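Step one of this worksheet: look at the structure below.
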Amino acid sequence: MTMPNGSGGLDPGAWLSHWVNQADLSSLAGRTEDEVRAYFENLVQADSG
Amino acid sequence: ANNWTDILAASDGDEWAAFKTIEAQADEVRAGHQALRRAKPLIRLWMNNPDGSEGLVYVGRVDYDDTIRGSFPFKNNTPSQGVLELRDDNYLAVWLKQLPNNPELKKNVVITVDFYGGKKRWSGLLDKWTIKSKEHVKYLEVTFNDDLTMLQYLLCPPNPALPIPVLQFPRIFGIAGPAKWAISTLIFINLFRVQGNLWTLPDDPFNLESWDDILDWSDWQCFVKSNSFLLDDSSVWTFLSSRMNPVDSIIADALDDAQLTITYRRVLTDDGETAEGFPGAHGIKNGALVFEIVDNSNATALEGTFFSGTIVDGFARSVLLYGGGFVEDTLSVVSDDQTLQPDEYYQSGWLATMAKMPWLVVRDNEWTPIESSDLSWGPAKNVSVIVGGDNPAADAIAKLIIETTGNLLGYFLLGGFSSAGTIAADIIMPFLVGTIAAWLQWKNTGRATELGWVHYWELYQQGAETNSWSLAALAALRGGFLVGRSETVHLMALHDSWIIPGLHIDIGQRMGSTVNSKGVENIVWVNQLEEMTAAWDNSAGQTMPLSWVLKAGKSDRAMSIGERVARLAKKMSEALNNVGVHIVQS
Amino acid sequence: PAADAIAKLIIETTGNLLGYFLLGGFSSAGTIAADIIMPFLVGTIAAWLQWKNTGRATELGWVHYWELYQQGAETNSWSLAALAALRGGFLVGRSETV
């Protein structure tokens, strides 16, 4: 379960790749209802179809 | 630094007298080593404070001569059970028996067994006790669980920094970084959460300048010590994912792949011991547990380590070389090995084994101080591994609803359902759930080359977290290839050998061993130490002095059937919990 | 299931998205939406029940095992009976005499 290379072992295109923590653990407390709601509303607004 | 000329002058020019002086010094050093090896253990029982405050409170001490029998194993990254049998007239046995019905006492008891003046310590919580009758003679058999069982009851929620029954986003928690830092950080975040999430988490918990100095950590029962994200020297990274999984289950695969060791130490400040290197390390209370991830094997290091050797030229240094995609790692021998010796090897009174320079080779021949129980080797099994299932990046339910209904509405407004002329844009996504890039197959070229024409083909591997391979493809493949590999395990019993377990060699540290069997006399099997049990029996019938049994290396093949069934059952239960929590409601 | 059942995720989200679309939300971001992101939050809203046994903590003391995840006999019933599910979970790691 170890990645011999560095951060390049992660997949940037994964579904939850934006939520993988590396050293920004202060952002965990920012994952409340309002912020997640705004993020996903932005995505749905940007939806192309 | 007494030179030969100085010693000869002190002996008045008599070479025989000078050499007798040197021999006496060597004899006194050997006698000190033997006394350290044969020293009795110190067994002490501690309890929680009856008023409910912090700090373990000293209950008492069990004499080694007053024991009936005892058995304490130290295992690599695995919980172990310690067993202590006492006579029921013993005062600590009486105290333990009165404990369940004593309303003035807390019900948790901690045992600490100290070897070599506290240098080696086995500490653990009480699991149970049993009053057993051997021919109308009653004795108390007391079972403790070692302090690595706390990681089974520590679990990582999707958002450890937020209230659990309110909103736990995202679905799983994923942390990526240097291996030691990430494991220690996961443990620390869960410790913070379970202690109360009272304060705000900084970016890096182990950047000690981020934590305020006014903060009080004395109420914490467990601590984790590690270097910062930037200062961590772990060569390889790791990705750890969890959806309410236990911490030990989360970190087992990473620890195995990086050959890392979890070391626990219960800091008895009543003995004068102190701790440093973690937040609040100065105000910790008596009997507080501290965890540390260490690299005792040094297999992933830049300079490599010793993976093999022969009794006629010692160990051989090899370094890991990673193939395409870093899934496969082979060993390349350092032809001109010029690694400097550790500075600790030049210090008086040092006995430990440094990770960078293993030294302990245990030889078996006609005149051997040990007994070798069994040495088993088995080749690798499966050339290729398949890991996968569904790929959420392609057919997540949110996509399947929103994007597909938008595409269908666009097609409808263009008039596709009125007449087939219109060209659609992905209106069939719900029909292809689990089919687009849903798998990862890797064939281990090195394993195939080592195995040959006749071999087992492939194996499907399900990870500890069911939906994390898409997040870390490489980590999933390496964890899958952790299973069916070449396995060597050797059992030793050190009866009166000069080897001092814990002092000369520790858990997770590489050592070589030989077996007096024709064809492999010269070969040295180099494995990282995995188990060592200290056991004794004071019974009149059979009386066994305190003896150590080592198990170097690990093998699923030579593991007993009961142990295999238990390990499989544990993994199956964890996977069942993960699948059940990943179930989508109807 | 009371928050992200598949029936909800389909019908309610499709209706909300259609209302937003007809108002013109995708034409220009000015419109304020009403829960068009429900499928994105599956398994995250009120999905857990955590209970700390104060009596057990008082019995045990400063040093104790922290927590345990428990799966019920019926995997989709805790939302129907929270209290029963919590008591069934606490049935496991208790003081035992035999």
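Labeling convention for the structure tokens: chains A, B, ... as they appear, residues from 1 per chain, ligands from 1 in order of appearance.
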Using only C-alpha atoms, I'd like a table of the residues in chain A that come within 6 Å of chain B; for each, show the closest atom pair and its distance in Å rounded to one decimal, ordered by chain and ascending number, as a tab-separated table.
residue	atom	partner	partner_atom	distance
A:1	CA	B:475	CA	4.1
A:2	CA	B:238	CA	4.2
A:3	CA	B:237	CA	4.9
A:4	CA	B:236	CA	4.4
A:6	CA	B:237	CA	5.9
A:10	CA	B:472	CA	5.1
A:11	CA	B:471	CA	5.7
A:14	CA	B:471	CA	5.5
A:15	CA	B:393	CA	4.6
A:20	CA	B:174	CA	4.9
A:21	CA	B:175	CA	4.7
A:22	CA	B:176	CA	5.1
A:23	CA	B:203	CA	5.7
A:24	CA	B:203	CA	4.6
A:25	CA	B:203	CA	4.5
A:26	CA	B:203	CA	4.9
A:28	CA	B:161	CA	5.8
A:29	CA	B:161	CA	5.3
A:49	CA	B:407	CA	4.9
Select all residues from chain C having any atom no more than 9 Å from an atom of chain B (counting only C-alpha atoms, ignoring ligands), output as a PyMOL selection string. chain C and resi 1+4-7+9-10+13-14+17+36-50+58-71+75-76+96
Return as a Markdown table the residues of chain A lying at most 8 Å from chain C, together with the closest atom-to-atom pair for each and the distance in Å to one decimal, counting only C-alpha atoms, with rows in chain order and ascending residue number.
| residue | atom | partner | partner_atom | distance |
| --- | --- | --- | --- | --- |
| A:37 | CA | C:37 | CA | 7.4 |
| A:40 | CA | C:37 | CA | 6.1 |
| A:41 | CA | C:37 | CA | 6.3 |
| A:44 | CA | C:37 | CA | 7.1 |
| A:45 | CA | C:26 | CA | 5.9 |
| A:46 | CA | C:26 | CA | 7.8 |
Residue subset to file, keeping C-alpha atoms, as a PDB file, in the first residue's frame:
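Now in again-v3.pdb:
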ATOM      1  CA  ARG A  37     -22.859  22.419  -0.643  1.00  0.00           C
ATOM      2  CA  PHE A  40     -21.171  20.776  -5.414  1.00  0.00           C
ATOM      3  CA  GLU A  41     -23.613  23.502  -6.460  1.00  0.00           C
ATOM      4  CA  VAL A  44     -23.729  21.107 -10.959  1.00  0.00           C
ATOM      5  CA  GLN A  45     -23.961  24.629 -12.382  1.00  0.00           C
ATOM      6  CA  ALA A  46     -20.865  23.901 -14.475  1.00  0.00           C
TER       7      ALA A  46
END
At what distance in Å, to one decimal, does atom CA of residue 341 of chain B lie from atom CA of residue 522 of chain B?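 Separation between atom CA of residue 522 of chain B and atom CA of residue 341 of chain B: 24.8 Å.
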Compile the contact shell of residue 40 of chain B as a PyMOL selection string: residues with an atom at most 9 Å away, counting only C-alpha atoms, same-chain residues fewer than 3 positions apart removed. chain B and resi 36-37+64+114-116+546
Output for the residues just chosen: N, CA and C atoms as an mmCIF file, in the first residue's frame:
data_model
loop_
_atom_site.group_PDB
_atom_site.id
_atom_site.type_symbol
_atom_site.label_atom_id
_atom_site.label_comp_id
_atom_site.auth_asym_id
_atom_site.auth_seq_id
_atom_site.Cartn_x
_atom_site.Cartn_y
_atom_site.Cartn_z
ATOM 1 N N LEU B 36 23.178 -9.435 32.805
ATOM 2 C CA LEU B 36 22.092 -8.727 32.138
ATOM 3 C C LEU B 36 21.136 -9.701 31.465
ATOM 4 N N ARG B 37 21.672 -10.761 30.862
ATOM 5 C CA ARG B 37 20.828 -11.750 30.204
ATOM 6 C C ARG B 37 19.983 -12.525 31.206
ATOM 7 N N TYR B 64 9.004 -12.795 40.531
ATOM 8 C CA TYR B 64 9.207 -13.844 39.540
ATOM 9 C C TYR B 64 9.196 -15.217 40.193
ATOM 10 N N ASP B 114 9.193 -5.671 33.025
ATOM 11 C CA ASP B 114 10.434 -5.019 32.634
ATOM 12 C C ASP B 114 11.551 -6.050 32.589
ATOM 13 N N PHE B 115 12.233 -6.117 31.453
ATOM 14 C CA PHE B 115 13.438 -6.906 31.272
ATOM 15 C C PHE B 115 14.615 -5.964 31.082
ATOM 16 N N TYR B 116 15.739 -6.315 31.711
ATOM 17 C CA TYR B 116 16.999 -5.587 31.575
ATOM 18 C C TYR B 116 16.876 -4.173 32.142
ATOM 19 N N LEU B 546 13.222 -18.672 32.625
ATOM 20 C CA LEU B 546 12.791 -17.681 31.650
ATOM 21 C C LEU B 546 13.602 -17.830 30.373
#
When DSSP is applied to the backbone of this structure, which of segment 192-233 of chain B are assigned strand (DSSP E)? Write them out as JSON, numbers by chain. {"B": [222, 223, 224, 225]}
What does the file look like for those residues with N, CA and C atoms, as a PDB file, in the first residue's frame?
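Dumped to selection_15.pdb:
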ATOM      1  N   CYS B 222      -3.029   8.361  25.328  1.00  0.00           N
ATOM      2  CA  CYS B 222      -2.167   7.902  24.251  1.00  0.00           C
ATOM      3  C   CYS B 222      -1.628   9.097  23.483  1.00  0.00           C
ATOM      4  N   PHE B 223      -0.383   8.977  23.037  1.00  0.00           N
ATOM      5  CA  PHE B 223       0.290   9.985  22.234  1.00  0.00           C
ATOM      6  C   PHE B 223       0.967   9.302  21.057  1.00  0.00           C
ATOM      7  N   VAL B 224       1.276  10.091  20.036  1.00  0.00           N
ATOM      8  CA  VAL B 224       2.007   9.619  18.867  1.00  0.00           C
ATOM      9  C   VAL B 224       3.158  10.579  18.621  1.00  0.00           C
ATOM     10  N   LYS B 225       4.357  10.042  18.417  1.00  0.00           N
ATOM     11  CA  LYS B 225       5.516  10.870  18.114  1.00  0.00           C
ATOM     12  C   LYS B 225       6.005  10.578  16.703  1.00  0.00           C
TER      13      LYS B 225
END
Among the residues of segment 174-379 of chain B, find those DSSP assigns to alpha helix (DSSP H) from the backbone and print them as a short mmCIF file (atom, residue, chain, number, x, y, z; two decimals) with N, CA, C and O atoms, in the first residue's frame.
data_model
loop_
_atom_site.label_atom_id
_atom_site.label_comp_id
_atom_site.auth_asym_id
_atom_site.auth_seq_id
_atom_site.Cartn_x
_atom_site.Cartn_y
_atom_site.Cartn_z
N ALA B 179 5.44 7.54 4.48
CA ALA B 179 4.75 6.42 5.11
C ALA B 179 4.63 6.61 6.62
O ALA B 179 3.53 6.53 7.18
N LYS B 180 5.76 6.86 7.29
CA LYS B 180 5.74 7.01 8.74
C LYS B 180 4.90 8.21 9.15
O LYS B 180 4.08 8.13 10.08
N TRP B 181 5.07 9.34 8.45
CA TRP B 181 4.32 10.54 8.80
C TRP B 181 2.82 10.31 8.64
O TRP B 181 2.04 10.73 9.49
N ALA B 182 2.41 9.66 7.56
CA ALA B 182 0.99 9.48 7.29
C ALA B 182 0.36 8.51 8.27
O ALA B 182 -0.76 8.75 8.76
N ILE B 183 1.04 7.41 8.59
CA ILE B 183 0.50 6.48 9.58
C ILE B 183 0.37 7.17 10.94
O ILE B 183 -0.68 7.12 11.59
N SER B 184 1.44 7.84 11.37
CA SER B 184 1.42 8.52 12.65
C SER B 184 0.37 9.62 12.67
O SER B 184 -0.28 9.85 13.69
N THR B 185 0.18 10.30 11.54
CA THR B 185 -0.78 11.39 11.47
C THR B 185 -2.21 10.87 11.54
O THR B 185 -3.06 11.48 12.19
N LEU B 186 -2.50 9.76 10.86
CA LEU B 186 -3.81 9.14 11.00
C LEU B 186 -4.09 8.78 12.45
O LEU B 186 -5.16 9.11 12.99
N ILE B 187 -3.13 8.12 13.10
CA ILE B 187 -3.32 7.75 14.50
C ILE B 187 -3.54 8.99 15.36
O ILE B 187 -4.42 9.01 16.22
N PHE B 188 -2.76 10.04 15.12
CA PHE B 188 -2.87 11.25 15.94
C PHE B 188 -4.19 11.96 15.73
O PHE B 188 -4.77 12.50 16.67
N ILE B 189 -4.67 12.02 14.48
CA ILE B 189 -5.94 12.69 14.22
C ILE B 189 -7.07 11.95 14.92
O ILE B 189 -7.97 12.56 15.51
N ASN B 190 -7.04 10.61 14.89
CA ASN B 190 -8.08 9.87 15.59
C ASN B 190 -7.95 10.02 17.10
O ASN B 190 -8.96 10.07 17.81
N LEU B 191 -6.72 10.09 17.62
CA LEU B 191 -6.53 10.34 19.04
C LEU B 191 -7.08 11.71 19.44
O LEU B 191 -7.73 11.84 20.48
N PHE B 192 -6.81 12.73 18.63
CA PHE B 192 -7.35 14.06 18.85
C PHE B 192 -8.87 14.02 18.89
O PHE B 192 -9.50 14.56 19.82
N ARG B 193 -9.48 13.37 17.90
CA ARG B 193 -10.93 13.30 17.83
C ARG B 193 -11.51 12.60 19.05
O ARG B 193 -12.49 13.06 19.63
N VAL B 194 -10.90 11.48 19.46
CA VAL B 194 -11.47 10.73 20.57
C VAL B 194 -11.19 11.39 21.91
O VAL B 194 -11.94 11.17 22.87
N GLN B 195 -10.14 12.21 22.01
CA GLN B 195 -9.94 13.02 23.20
C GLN B 195 -10.86 14.23 23.23
O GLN B 195 -11.04 14.83 24.29
N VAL B 247 -7.97 1.51 12.89
CA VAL B 247 -6.70 2.10 12.49
C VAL B 247 -5.69 1.02 12.12
O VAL B 247 -4.95 1.14 11.14
N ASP B 248 -5.64 -0.06 12.91
CA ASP B 248 -4.70 -1.13 12.62
C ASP B 248 -5.00 -1.78 11.28
O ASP B 248 -4.08 -2.09 10.52
N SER B 249 -6.28 -1.99 10.97
CA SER B 249 -6.64 -2.53 9.67
C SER B 249 -6.28 -1.57 8.54
O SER B 249 -5.90 -2.00 7.45
N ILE B 250 -6.41 -0.26 8.79
CA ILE B 250 -6.04 0.72 7.78
C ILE B 250 -4.55 0.66 7.49
O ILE B 250 -4.12 0.71 6.34
N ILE B 251 -3.73 0.55 8.54
CA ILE B 251 -2.29 0.72 8.40
C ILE B 251 -1.53 -0.59 8.22
O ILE B 251 -0.31 -0.55 8.01
N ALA B 252 -2.20 -1.75 8.32
CA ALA B 252 -1.48 -3.02 8.23
C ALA B 252 -0.79 -3.18 6.88
O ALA B 252 0.38 -3.58 6.82
N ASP B 253 -1.50 -2.89 5.79
CA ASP B 253 -0.92 -3.07 4.46
C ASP B 253 0.26 -2.13 4.24
O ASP B 253 1.28 -2.54 3.68
N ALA B 254 0.13 -0.87 4.66
CA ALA B 254 1.23 0.07 4.50
C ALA B 254 2.44 -0.34 5.33
O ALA B 254 3.58 -0.26 4.86
N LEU B 255 2.21 -0.78 6.57
CA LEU B 255 3.32 -1.23 7.40
C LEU B 255 4.01 -2.43 6.78
O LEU B 255 5.25 -2.51 6.78
N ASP B 256 3.24 -3.39 6.26
CA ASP B 256 3.84 -4.55 5.62
C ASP B 256 4.63 -4.17 4.38
O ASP B 256 5.75 -4.66 4.17
N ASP B 257 4.08 -3.28 3.55
CA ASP B 257 4.73 -2.94 2.29
C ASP B 257 6.00 -2.13 2.53
O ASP B 257 7.00 -2.32 1.81
N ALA B 258 6.00 -1.24 3.51
CA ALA B 258 7.17 -0.43 3.79
C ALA B 258 8.09 -1.06 4.83
O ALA B 258 9.14 -0.48 5.13
#
So which residues touch residue 280 of chain B within 7 Å, counting only C-alpha atoms, skipping near sequence neighbours fewer than 4 positions away, as a list in words? residues 216, 217 and 284 of chain B
For a test of reading the model, state the distance in Å between atom CA of residue 503 of chain B and atom CA of residue 352 of chain B, rounded to one decimal.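 One can read the atom CA of residue 503 of chain B to atom CA of residue 352 of chain B distance as 5.5 Å.
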Taking 6 positions as the minimum chain separation for residues in the same chain, which residues sit within 10 Å of residue 121 of chain B when counting only C-alpha atoms? Answer as JSON, numbers by chain. {"B": [41, 42, 43, 74, 111, 112, 113, 114, 115, 264, 265, 266, 502]}
